[PDB]
There are 2 protein chains.
Amino acid sequence: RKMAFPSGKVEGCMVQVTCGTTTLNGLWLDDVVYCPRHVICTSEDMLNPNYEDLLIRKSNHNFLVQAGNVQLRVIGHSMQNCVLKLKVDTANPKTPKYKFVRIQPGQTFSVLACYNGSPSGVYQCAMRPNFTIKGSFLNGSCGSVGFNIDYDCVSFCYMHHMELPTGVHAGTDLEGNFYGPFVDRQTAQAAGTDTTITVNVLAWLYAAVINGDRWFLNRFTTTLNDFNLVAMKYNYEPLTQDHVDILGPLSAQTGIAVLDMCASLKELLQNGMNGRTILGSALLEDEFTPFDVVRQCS
Amino acid sequence: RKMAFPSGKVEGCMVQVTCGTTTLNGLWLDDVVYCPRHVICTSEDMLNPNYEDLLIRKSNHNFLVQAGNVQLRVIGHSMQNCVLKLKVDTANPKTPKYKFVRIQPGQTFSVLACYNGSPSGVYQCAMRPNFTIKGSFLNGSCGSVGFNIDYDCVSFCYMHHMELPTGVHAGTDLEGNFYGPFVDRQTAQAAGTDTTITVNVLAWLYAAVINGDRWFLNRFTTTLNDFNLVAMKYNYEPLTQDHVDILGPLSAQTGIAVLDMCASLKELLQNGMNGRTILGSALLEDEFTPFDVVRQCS
Ligand SMILES: *[C@H](O)[C@H](C[C@@H]1CCNC1=O)NC(=O)[C@H](CC(C)C)NC(=O)OCc1ccccc1
Ligand SMILES: *[C@H](O)[C@H](C[C@@H]1CCNC1=O)NC(=O)[C@H](CC(C)C)NC(=O)OCc1ccccc1
């Protein structure tokens, strides 16, 4: 099963930010509210916004932050890359222990989709090699965050800004820097040709070996270099050698060093599953980290 | 995408319940903790328990409940079918507006998987027509619950007790009545042959149209009864008029009559998918309801 982190600690940080006509969501940690900076744009400064001068003309009194129907007072505003920061006069007493990280393509996280500051639902998604995510997001959803958890700490890794022509989504880390070559302005922009997350496909074959039925399992072996070619053709990312021993635990538990493994991914890009399905998916699955496999078998 | 309801309201009601060697999760609402009654069994008892034998042989102090760090004093106990009800001297201040509901086959709910009283993950499930669910659950997971939300109100519908031999799962409503012909005994049980949830498959074909994927549309048309005849043969639940009604929503926003979308699915069942995906998959997905489709497309 694809599984999301429990969302309570992030729900307790979600607020509604309105500036003029635009409402979106804010992230309220301590006495600071983070939200996408295009909240300060009207329907039409959005096509080529000069954010610096948009923001000049805004003052604290132009921002309506609400936790429920309770207004939080804005007492300062600043722009950091593509996110806005609003100092409010109340520290969120729900503030989890947390930090801001910038994730890598292939890494997974959980999205807490919200609308008008109220959580709608939660889902697990991955950062594609072309820096999009395959999410469900509608209008008013910008400012929603992705996150991971480690014990008590919430690691905020994504904030939402944009849908792309092809239906996928684009956003920034919590310091406002976009993932990939995207800009927060309403223009057609390059999706970018995507690839399969090789390390996660191997994580998930391992899960097959663990949780039982390894029918895919075949009796042939390879090394690193040829492995790249015929699948690089079905468009698979370079497995390095340091994806390698994040796959170390799963190799040690199954007994299988990385490459009998490769050579059965061969045959699944060499003559399909033969109509068969591994663990619940009639296709190869590439949105499970090795850590995702260990967590869930753990 | 499969989207679970946000989980914070349930997370604040989850506690650990211990009785001797046996530990699992409980649901802490007002001044009552509910958990699976096989918490009272030893490894050996669970072979063939007479739960009323076992329960008359215990007093309050044999139950240890913990809410994070803090122990809750059990001051009463009580059994309602397959769930135990433990009264405690404190009311859970995080108790939401809630309800207890028994759901029908085909309905969905989100599951908050917990271990030792602590949330670990959240995902969606359907009640199969055979009254099992295709979960992800290990030892210590019992007591985790399934629920839906409805504005402010968490309606609990599932409590977890068991993995059948085939890897699927079985449990009770929160009054403790099993979904299906199972019992809280550790003895091998079979679930009975599953069917496919038809009304949901149509809801996912509609979902697919909305998201640009329309190769499967035909322009044949069919009777409700003609459709159920063919469907039957492929082990699809009857499609009721109610189900037709329920689909009406999605039938407006796409301009496809239910019955014509039946015609297309009927062609899908007589001829297979010949190598094509719908919404990415080589199988027809039946674990989205109408309501889960609207919710995530409005
Ligand atoms: C912010 O709430 C919103 C999120 C979008 C809207 C629907 N689904 C989403 O992901 N962002 C915008 O509406 C964005 C504002 C600009 C200042 C970046 N405009 C936008 O998303 O245009 C790109 C697009 C291309 C194709 C379809 C839909 C949107
Ligand atoms: C409750 O904590 C536990 C959850 C099972 C354990 C593995 N995955 C689950 O969902 N329930 C039981 O152990 C249950 C006990 C009642 C029948 C008294 N028996 C059961 O689920 O099947 C036994 C089993 C044990 C270990 C692995 C797989 C199945």
Failed criterion for A:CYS82 (all others in (1) of a type outside the set (A, V, I, L, M); (2) within 25 Å of A:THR22 (Cβ to Cβ); (3) within 14 Å of chain B (Cβ to nearest Cβ) hold): (3)
Residue match in the stretch B:110-127 (condition: under 12 Å from the mean Cα position of the chain (by Cα) and near ligand 2 (Cβ under 9 Å from one of its atoms)): no
Among (1) within 30 Å of B:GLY121 (Cβ to Cβ); (2) free of Cβ contacts under 8 Å to residues at least 40 places away in the same chain - the single one A:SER59 does not satisfy: (1)
Residue among A:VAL122, A:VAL83 that alone is under 30 Å from A:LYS2 (Cβ atoms), touching a strand residue (DSSP E or B) at 6+ places or on another chain (Cβ under 7 Å), within 14 Å of ligand 1 (Cβ to nearest atom) and of a type in the set (A, V, I, L, M): A:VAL83
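Filter the stretch A:1-52 down to residues that are within 14 Å of chain B (Cβ to nearest Cβ), in contact with a strand residue (DSSP E or B) (Cβ under 8 Å, 6 or more places away or on another chain) and part of a loop (DSSP other than H, G, I, E, B), then give me how many there are. Give the steps one after another, and end with the answer.
Initially, the stretch A:1-52 is screened for residues within 14 Å of chain B (Cβ to nearest Cβ), giving A:1-14, A:25.
Keeping just the survivors that are in contact with a strand residue (DSSP E or B) (Cβ under 8 Å, 6 or more places away or on another chain) gives A:1-11, A:13-14, A:25.
Imposing the further condition that a residue be part of a loop (DSSP other than H, G, I, E, B) reduces the set to A:1-3, A:5-7, A:13.
Going through the stretch A:1-52 one residue at a time, the tally reaches 7.
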Complete set of residues in the stretch B:62-76 that are on the phi < 0 side of the Ramachandran plot and either β-branched (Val, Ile, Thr) or touching a residue at least 12 places away in the same chain (Cβ under 8 Å) (or both): B:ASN62, B:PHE63, B:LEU64, B:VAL65, B:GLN66, B:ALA67, B:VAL70, B:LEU72, B:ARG73, B:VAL74, B:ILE75, B:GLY76
Pick from the stretch A:106-126, criterion hydroxyl-bearing (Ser, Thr, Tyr) and more than 7 Å from chain B (Cβ to nearest Cβ), ranking: surrounded by the fewest Cβ atoms within 10 Å (Cβ to Cβ): A:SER118
Qualifying positions in the stretch A:127-166 - within 12 Å of ligand 1 (Cβ to nearest atom), within 24 Å of A:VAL17 (Cβ to Cβ) and within 13 Å of chain B (Cβ to nearest Cβ): A:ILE133, A:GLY135, A:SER136, A:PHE137, A:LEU138, A:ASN139, A:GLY140, A:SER141, A:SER144, A:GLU163
Lone unmet requirement of (1) out of contact with any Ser or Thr (no Cβ under 9 Å at 6 or more places or on another chain); (2) of a type in the set (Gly, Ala, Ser); (3) more than 16 Å from ligand 2 (Cβ to nearest atom); (4) part of a loop (DSSP other than H, G, I, E, B) for A:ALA252: (4)
Residue within the stretch B:203-213 that is more than 18 Å from the chain's Cα centre (by Cα), at positive phi and within 16 Å of ligand 1 (Cβ to nearest atom) present: yes
Filtered residues of the stretch B:197-217 (kept if among the hydroxyl-bearing types (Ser, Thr, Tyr) and out of contact with any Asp or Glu (no Cβ under 9 Å at 6 or more places or on another chain)): B:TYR206
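Can B:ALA203 be described as surrounded by 19 or more Cβ atoms within 10 Å (Cβ to Cβ), touching a residue at least 60 places away in the same chain (Cβ under 8 Å) and away from chain A (no Cβ under 14 Å)?
So B:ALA203 fits the description; yes.
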Failed condition for A:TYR179, given (1) assigned by TED's automatic domain parsing to the domain that holds A:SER144; (2) within 15 Å of ligand 1 (Cβ to nearest atom); (3) within 28 Å of A:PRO290 (Cα to Cα): (1)
Matching entry among B:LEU239, B:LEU265, B:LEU279, B:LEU247 (being within 14 Å of chain A (Cβ to nearest Cβ) and in contact with a helix residue (DSSP H, G or I) (Cβ under 8 Å, 6 or more places away or on another chain)): B:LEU279
Some residue of the stretch B:229-247 being outside the structural domain of B:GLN104 (by TED's automatic domain parsing), acidic (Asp, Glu) and without any contact (Cβ under 8 Å) to a residue 24 or more places away in the chain: yes
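So is B:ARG57 of a type in the set (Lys, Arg) and either surrounded by 18 or more Cβ atoms within 10 Å (Cβ to Cβ) or within 20 Å of B:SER141 (Cα to Cα) (or both) or not?
Details: of a type in the set (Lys, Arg): yes; either surrounded by 18 or more Cβ atoms within 10 Å (Cβ to Cβ) or within 20 Å of B:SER141 (Cα to Cα) (or both): no.
No: the conditions fail for B:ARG57.
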Near pairs, Cβ below 9 angstrom, 6+ apart or cross-chain, from the stretch A:207-222 (closer than 17 Å to A:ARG1 by Cα) to any residue that is outside any loop (DSSP other than H, G, I, E, B) and among the acidic types (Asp, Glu): A:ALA207/A:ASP292
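Filtering the stretch A:67-76 down to residues that are outside any strand (DSSP E or B) and out of contact with any strand residue (DSSP E or B) (no Cβ under 7 Å at 6 or more places or on another chain), which residue is nearest to the other protein chains (Cβ to nearest Cβ)? Lay out the reasoning, then the answer.
Within the stretch A:67-76, the subset outside any strand (DSSP E or B) is A:68-69, A:73.
From what's left, out of contact with any strand residue (DSSP E or B) (no Cβ under 7 Å at 6 or more places or on another chain): A:68-69.
Details: A:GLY68: 12, A:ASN69: 14 Å.
Within the stretch A:67-76, the match that is nearest to the other protein chains (Cβ to nearest Cβ) is A:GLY68.
Would you be able to tell me the number of residues in the stretch B:77-105 that are assigned to a strand (DSSP E or B) and without any contact (Cβ under 8 Å) to a residue 24 or more places away in the chain? Quick ask: steps written out before the conclusion?
Going residue by residue through the stretch B:77-105, those that are assigned to a strand (DSSP E or B) are B:79-80, B:83-88, B:98-100.
Cutting the leftovers down to without any contact (Cβ under 8 Å) to a residue 24 or more places away in the chain gives us none.
So the count comes out to 0.
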Unmet requirement for B:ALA188, which otherwise passes all of (1) within 16 Å of ligand 2 (Cβ to nearest atom); (2) closer than 30 Å to A:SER136 by Cα; (3) small (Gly, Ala, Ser): (2)
Which numbered condition B:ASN62 fails, given (1) surrounded by fewer than 20 Cβ atoms within 10 Å (Cβ to Cβ); (2) under 24 Å from B:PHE288 (Cα atoms); (3) away from ligand 2 (no atom under 16 Å from the Cβ): (2)
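Every residue in the stretch A:182-200 that is away from ligand 1 (no atom under 16 Å from the Cβ) and more than 14 Å from every other protein chain (Cβ to nearest Cβ), please.
Taking the stretch A:182-200 as the starting set, the residues that turn out to be away from ligand 1 (no atom under 16 Å from the Cβ) are A:193-200.
The answer is A:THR193, A:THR195, A:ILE197, A:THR198, A:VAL199, A:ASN200.
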Counted residues, the stretch A:93-105 - those being crowded, with 17+ Cβ neighbours inside 10 Å and either of a type in the set (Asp, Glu) or within 14 Å of chain B (Cβ to nearest Cβ) (or both): 1
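So that you can scan it fast, the table gives a plain yes or no per residue for (1) in contact with a helix residue (DSSP H, G or I) (Cβ under 9 Å, 6 or more places away or on another chain); (2) in a strand (DSSP E or B):
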{"residue": "A:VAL111", "(1), (2)": "no, yes"}
{"residue": "A:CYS114", "(1), (2)": "yes, yes"}
{"residue": "A:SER120", "(1), (2)": "yes, yes"}
{"residue": "A:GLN124", "(1), (2)": "yes, yes"}
{"residue": "A:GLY146", "(1), (2)": "no, yes"}
{"residue": "A:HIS160", "(1), (2)": "no, yes"}
{"residue": "A:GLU175", "(1), (2)": "no, no"}
Of residues in the stretch A:1-53 being over 23 Å from A:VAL154 (Cα atoms) and hydroxyl-bearing (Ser, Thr, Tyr), the one farthest from ligand 2 (Cβ to nearest atom): A:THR42
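All of this is worked out from the model, or read from it or from the source named; no laboratory read-out is quoted. Every residue, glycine as well, gets a Cβ built from its backbone with ideal geometry; the counts of neighbours run over all protein chains shown.
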